[PDB]
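Worksheet for the structure shown next.
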Amino acid sequence: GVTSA
Amino acid sequence: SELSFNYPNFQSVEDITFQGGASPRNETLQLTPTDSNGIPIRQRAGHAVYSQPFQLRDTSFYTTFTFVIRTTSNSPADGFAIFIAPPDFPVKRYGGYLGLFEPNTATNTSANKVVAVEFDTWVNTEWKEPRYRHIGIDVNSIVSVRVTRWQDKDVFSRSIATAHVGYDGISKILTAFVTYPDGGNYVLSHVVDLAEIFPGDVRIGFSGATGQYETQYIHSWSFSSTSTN
Ligand SMILES: *[C@H]1O[C@H](CO)[C@H](O)[C@H](O)[C@H]1NC(C)=O
Ligand SMILES: [Ca+2]
Ligand SMILES: [Ca+2]
């Protein structure tokens with residue numbers, strides 16, 4: 001999954 | 001221009017510039033740092049580049065290196081890359097940017113000047129990469145213009161793997177062959193005019209980044225360029 005945006 | 005070098009191992013690290021979290025270790029290039037217990041440090045990037053610049057106008061090259069990925073659990077990140085960029089290129093963002101891009105601009109091809117062959121151990125949701133670990137060719141974007149599946153058997157094998165990267169200056173083609181002892185073989189090519197992207201100087205080297213649970217070690221490295229004349 002997304003982890004730093 | 002014409003340049004060649006050879007490191008059968010890295011017992012000497014004589015013309016290597018280290019930046020960020022990269023350092024020499026047990027006759028290798030360790031691209032990302034470890035703590036006092038040997039555990040990989042989260043969210044770091046490191047560069048090990050050959051310090052002498054060269055030019056790409058009217059030039060072909062061949063380079064080969066050996067490498068090991070060491071993982072300490074399931075979900076390692078983020079990988080490493082062999083890259084070409086200008087001589088003043090800084091270590092850029094850790095994580096899935098691989099030390100080669102900044103978040104703002106990482107997919108904008110007109111805001112970057114960097115070409116790489118990436119070994120990517122983490123599937124980034126943030127720019128919808130393909131759903132597997134992969135090897136790829138990057139041209140001014142963290143979104144690989146050409147990409148192929150990198151088998152997990154091989155990622156986690158802890159073998160000393162071999163990469164061959166070569167650029168034909170006449171046909172304007174960059175190509176990577178990657179091989180694993182009793183493992184997989186990988187082939188990628190892309191038409192790209194490196195002399196047009198890099199009209200001046202460049203340096204070649206390695207960028208690694210975490211991420212988590214991962215250390216990237218280069219064991220050997222040779223390079224030869226020659227003029228196409
Ligand atoms: C976010 O975290 C993971 C590790 O959990 C990876 O480092 C991934 O590449 C990171 N995201 C970005 C955008 O760097
Ligand atoms: Ca990638
Ligand atoms: Ca990734």
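How things are named: the first chain in the structure tokens is A, the next is B, and so on; residues count from 1 in each chain; ligands count from 1 in the order shown.
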So that each row is one residue of chain B with an atom at most 12 Å from ligand 2, can you give its shortest atom pair and the distance in Å to one decimal, using only C-alpha atoms and all ligand atoms, rows by chain and rising number, as JSON lines?
```
{"residue": "B:77", "atom": "CA", "partner": "ligand 2", "partner_atom_place_in_ligand_line": "1 (Ca)", "distance": 11.0}
{"residue": "B:78", "atom": "CA", "partner": "ligand 2", "partner_atom_place_in_ligand_line": "1 (Ca)", "distance": 9.0}
{"residue": "B:79", "atom": "CA", "partner": "ligand 2", "partner_atom_place_in_ligand_line": "1 (Ca)", "distance": 8.8}
{"residue": "B:80", "atom": "CA", "partner": "ligand 2", "partner_atom_place_in_ligand_line": "1 (Ca)", "distance": 9.9}
{"residue": "B:81", "atom": "CA", "partner": "ligand 2", "partner_atom_place_in_ligand_line": "1 (Ca)", "distance": 9.9}
{"residue": "B:95", "atom": "CA", "partner": "ligand 2", "partner_atom_place_in_ligand_line": "1 (Ca)", "distance": 11.1}
{"residue": "B:96", "atom": "CA", "partner": "ligand 2", "partner_atom_place_in_ligand_line": "1 (Ca)", "distance": 7.5}
{"residue": "B:97", "atom": "CA", "partner": "ligand 2", "partner_atom_place_in_ligand_line": "1 (Ca)", "distance": 8.5}
{"residue": "B:98", "atom": "CA", "partner": "ligand 2", "partner_atom_place_in_ligand_line": "1 (Ca)", "distance": 8.9}
{"residue": "B:100", "atom": "CA", "partner": "ligand 2", "partner_atom_place_in_ligand_line": "1 (Ca)", "distance": 11.5}
{"residue": "B:101", "atom": "CA", "partner": "ligand 2", "partner_atom_place_in_ligand_line": "1 (Ca)", "distance": 11.9}
{"residue": "B:106", "atom": "CA", "partner": "ligand 2", "partner_atom_place_in_ligand_line": "1 (Ca)", "distance": 11.6}
{"residue": "B:107", "atom": "CA", "partner": "ligand 2", "partner_atom_place_in_ligand_line": "1 (Ca)", "distance": 11.4}
{"residue": "B:116", "atom": "CA", "partner": "ligand 2", "partner_atom_place_in_ligand_line": "1 (Ca)", "distance": 10.5}
{"residue": "B:117", "atom": "CA", "partner": "ligand 2", "partner_atom_place_in_ligand_line": "1 (Ca)", "distance": 9.6}
{"residue": "B:118", "atom": "CA", "partner": "ligand 2", "partner_atom_place_in_ligand_line": "1 (Ca)", "distance": 6.7}
{"residue": "B:119", "atom": "CA", "partner": "ligand 2", "partner_atom_place_in_ligand_line": "1 (Ca)", "distance": 7.6}
{"residue": "B:120", "atom": "CA", "partner": "ligand 2", "partner_atom_place_in_ligand_line": "1 (Ca)", "distance": 5.3}
{"residue": "B:121", "atom": "CA", "partner": "ligand 2", "partner_atom_place_in_ligand_line": "1 (Ca)", "distance": 8.2}
{"residue": "B:122", "atom": "CA", "partner": "ligand 2", "partner_atom_place_in_ligand_line": "1 (Ca)", "distance": 7.6}
{"residue": "B:123", "atom": "CA", "partner": "ligand 2", "partner_atom_place_in_ligand_line": "1 (Ca)", "distance": 7.1}
{"residue": "B:124", "atom": "CA", "partner": "ligand 2", "partner_atom_place_in_ligand_line": "1 (Ca)", "distance": 7.4}
{"residue": "B:125", "atom": "CA", "partner": "ligand 2", "partner_atom_place_in_ligand_line": "1 (Ca)", "distance": 10.4}
{"residue": "B:126", "atom": "CA", "partner": "ligand 2", "partner_atom_place_in_ligand_line": "1 (Ca)", "distance": 10.8}
{"residue": "B:127", "atom": "CA", "partner": "ligand 2", "partner_atom_place_in_ligand_line": "1 (Ca)", "distance": 8.9}
{"residue": "B:128", "atom": "CA", "partner": "ligand 2", "partner_atom_place_in_ligand_line": "1 (Ca)", "distance": 9.4}
{"residue": "B:129", "atom": "CA", "partner": "ligand 2", "partner_atom_place_in_ligand_line": "1 (Ca)", "distance": 6.2}
{"residue": "B:130", "atom": "CA", "partner": "ligand 2", "partner_atom_place_in_ligand_line": "1 (Ca)", "distance": 8.1}
{"residue": "B:131", "atom": "CA", "partner": "ligand 2", "partner_atom_place_in_ligand_line": "1 (Ca)", "distance": 10.3}
{"residue": "B:132", "atom": "CA", "partner": "ligand 2", "partner_atom_place_in_ligand_line": "1 (Ca)", "distance": 9.6}
{"residue": "B:133", "atom": "CA", "partner": "ligand 2", "partner_atom_place_in_ligand_line": "1 (Ca)", "distance": 7.9}
{"residue": "B:134", "atom": "CA", "partner": "ligand 2", "partner_atom_place_in_ligand_line": "1 (Ca)", "distance": 6.6}
{"residue": "B:135", "atom": "CA", "partner": "ligand 2", "partner_atom_place_in_ligand_line": "1 (Ca)", "distance": 7.2}
{"residue": "B:136", "atom": "CA", "partner": "ligand 2", "partner_atom_place_in_ligand_line": "1 (Ca)", "distance": 6.5}
{"residue": "B:137", "atom": "CA", "partner": "ligand 2", "partner_atom_place_in_ligand_line": "1 (Ca)", "distance": 8.6}
{"residue": "B:138", "atom": "CA", "partner": "ligand 2", "partner_atom_place_in_ligand_line": "1 (Ca)", "distance": 8.2}
{"residue": "B:139", "atom": "CA", "partner": "ligand 2", "partner_atom_place_in_ligand_line": "1 (Ca)", "distance": 11.5}
{"residue": "B:141", "atom": "CA", "partner": "ligand 2", "partner_atom_place_in_ligand_line": "1 (Ca)", "distance": 9.6}
{"residue": "B:142", "atom": "CA", "partner": "ligand 2", "partner_atom_place_in_ligand_line": "1 (Ca)", "distance": 6.3}
{"residue": "B:143", "atom": "CA", "partner": "ligand 2", "partner_atom_place_in_ligand_line": "1 (Ca)", "distance": 6.2}
{"residue": "B:144", "atom": "CA", "partner": "ligand 2", "partner_atom_place_in_ligand_line": "1 (Ca)", "distance": 6.0}
{"residue": "B:145", "atom": "CA", "partner": "ligand 2", "partner_atom_place_in_ligand_line": "1 (Ca)", "distance": 9.7}
{"residue": "B:146", "atom": "CA", "partner": "ligand 2", "partner_atom_place_in_ligand_line": "1 (Ca)", "distance": 9.7}
{"residue": "B:147", "atom": "CA", "partner": "ligand 2", "partner_atom_place_in_ligand_line": "1 (Ca)", "distance": 7.9}
{"residue": "B:148", "atom": "CA", "partner": "ligand 2", "partner_atom_place_in_ligand_line": "1 (Ca)", "distance": 9.8}
{"residue": "B:149", "atom": "CA", "partner": "ligand 2", "partner_atom_place_in_ligand_line": "1 (Ca)", "distance": 10.5}
{"residue": "B:150", "atom": "CA", "partner": "ligand 2", "partner_atom_place_in_ligand_line": "1 (Ca)", "distance": 10.9}
```
Taking only C-alpha atoms into account and nothing else, which residues of chain A lie no more than 7 Å away from chain B? Please answer as a tab-separated table (two decimals) with N, CA and C atoms, in the first residue's frame.
```tsv
chain	number	residue	atom	x	y	z
A	1	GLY	N	0.82	-1.25	0.00
A	1	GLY	CA	0.00	0.00	0.00
A	1	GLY	C	0.83	1.27	0.00
A	2	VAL	N	0.19	2.44	-0.03
A	2	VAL	CA	0.88	3.74	0.01
A	2	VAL	C	1.59	3.88	1.30
A	5	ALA	N	3.27	9.30	0.51
A	5	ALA	CA	2.88	10.44	-0.39
A	5	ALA	C	2.38	11.51	0.52
```
As a ChimeraX atom specification, please: every residue in range 40-226 of chain B that a backbone DSSP assignment puts in strand (DSSP E or B). /B:40,45-50,54-55,59-71,77-85,115-120,134-139,146-149,161-168,173-179,185-191,201-212,214-226
For ligand 3, the closest of B:183, B:20, B:46, B:76 counting only C-alpha atoms and all ligand atoms is B:76
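Closest approach to ligand 3 from the set B:52, B:4, B:110, B:210 is made by B:210, with distances taken over only C-alpha atoms and all ligand atoms.
Counting only C-alpha atoms, residue 202 in chain B has the following residues at most 12 Å away, ignoring those fewer than 2 positions along the same chain: residues 1, 3, 49, 50, 51, 52, 53, 54, 55, 56, 57, 83, 84, 85, 86, 87, 88, 89, 113, 114, 115, 194, 195, 197, 198, 199, 200, 204 and 205 of chain B.
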